[PDB]
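Every heavy atom of this structure was used, including side-chain atoms; hydrogens, water molecules and symmetry mates were not. Chain A is the first sequence line, chain B the second, and so forth, proteins listed ahead of strands; every chain is numbered from 1.
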Number of protein chains: 6
Amino acid sequence: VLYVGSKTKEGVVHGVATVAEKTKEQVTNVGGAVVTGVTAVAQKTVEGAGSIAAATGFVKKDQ
Amino acid sequence: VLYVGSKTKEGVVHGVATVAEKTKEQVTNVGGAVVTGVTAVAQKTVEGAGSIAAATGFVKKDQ
Amino acid sequence: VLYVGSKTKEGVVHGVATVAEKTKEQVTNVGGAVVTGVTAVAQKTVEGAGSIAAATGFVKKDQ
Amino acid sequence: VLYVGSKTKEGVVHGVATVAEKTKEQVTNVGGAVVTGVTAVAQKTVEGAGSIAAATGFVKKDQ
Amino acid sequence: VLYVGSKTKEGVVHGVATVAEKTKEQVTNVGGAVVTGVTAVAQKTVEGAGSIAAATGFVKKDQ
Amino acid sequence: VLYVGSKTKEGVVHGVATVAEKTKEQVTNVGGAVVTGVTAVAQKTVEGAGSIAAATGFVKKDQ
């Protein structure tokens, strides 16, 4: 009847510092899935599924 | 009856500093899926699914 | 009747510093799934499943 | 006779990421010296003195 | 006669990530010297003195 | 006659990650010297003195 939320924080990222130094970065992909380099990501889902870094090679459900 | 939200934060990213120094970056993809380099991403979904960095190679559901 | 949440924090990442120095980084993928390099990720899900770094090679459910 | 310098680096700063989150920052100074917040500074001096963050309160050398 | 320097690095800072979270930061100075918060600083001096974070209160050398 | 330096590193800082979380930070200085918070600092001096974090209260050399 008096639901009060003052400083609610849900699904939050703050205060991040990153450095990446690479000479060579190489990805070779043949018929699959690759997910690389995911940084500072925030998500909130209500009445649903939540996925952030998902990879699936392949699906074969013929006939 | 008196729902009060003052400073609600849901699905938020703030205060991010990133540096990337690379000499060579190479992606080769043959019939698949690649997702690279996702940074400072925020999402909120209501009554639905939420995905951020998703990759699927291939699907074969013939006939 | 008087639900009060003042500084609720759920699914939060804050205050992160990372350095990555690599000379060579190589990923070779043939018909599978690879997920690498996931950093500073926050998620909150309500009435749903939550996944963050998931990989599935392949699925064969023919006929 | 054949002085060769290929990739000489002297007095160099590179690849820096910083985040500063402050609610209140206050400096009160009465007759002195204050130096605050010096970041990512590079200097090279040849045949001379080099100073970067220096503070001197006061000097009294009367008569 | 054949001085060769290929990848000489002198006075160098690289690959630094810093986060600072403060609610209140206060400096009060009366007739002195204060130096605070010096980060990622590089210096090279040739035939001279080198100082980076120096503070001197006061000097009295009257008459 | 054939001085060769290939990957000489002198006075170098690299690969540093720092986090500082403080609620209250206070400095009060009356007629002296304070040096606080010095991070990731590199210096090389040739034919000279080298100082990095130095503090001197006061000097009285009258007459």
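Ion pairing between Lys61(E) and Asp62(F) fails under the 4.0 Å rule for side-chain N and carboxylate O.
Chain E forms more heavy-atom pairs under 4.5 Å with one residue of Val30(F), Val34(F), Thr28(F), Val19(F) than with any other, namely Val34(F). Of the listed residues (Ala33(F), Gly48(F), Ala42(F), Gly37(F)), the greatest number of heavy-atom pairs within a distance under 4.5 Å of chain E belongs to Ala42(F). Among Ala17(F), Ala53(F), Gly57(F), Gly31(F), the residue with the largest count of heavy-atom pairs under 4.5 Å with chain E is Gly31(F). Options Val1(E), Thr56(E), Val16(E), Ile52(E) differ in how many heavy-atom pairs under 4.5 Å they form with chain F, and the most are formed by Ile52(E). Chain F forms the most heavy-atom pairs under 4.5 Å with one residue out of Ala49(E), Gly50(E), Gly32(E), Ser51(E), and that residue is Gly50(E).
How far CD of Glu25(F) is from CD of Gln26(E): 11.0 Å, rounded to the nearest 0.5 Å.
Between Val12(F) and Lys9(E), the shortest heavy-atom contact is CG2-O, 3.7 Å. Closest non-hydrogen pair, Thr23(F) versus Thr23(E), comes out as O-CB, 3.2 Å. Here the closest non-hydrogen pair linking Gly5(F) and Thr8(E) is O-OG1, 4.3 Å.
Checked by atom type, the side-chain pair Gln43(F)/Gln43(E) shows a donor-acceptor distance below 3.5 Å.
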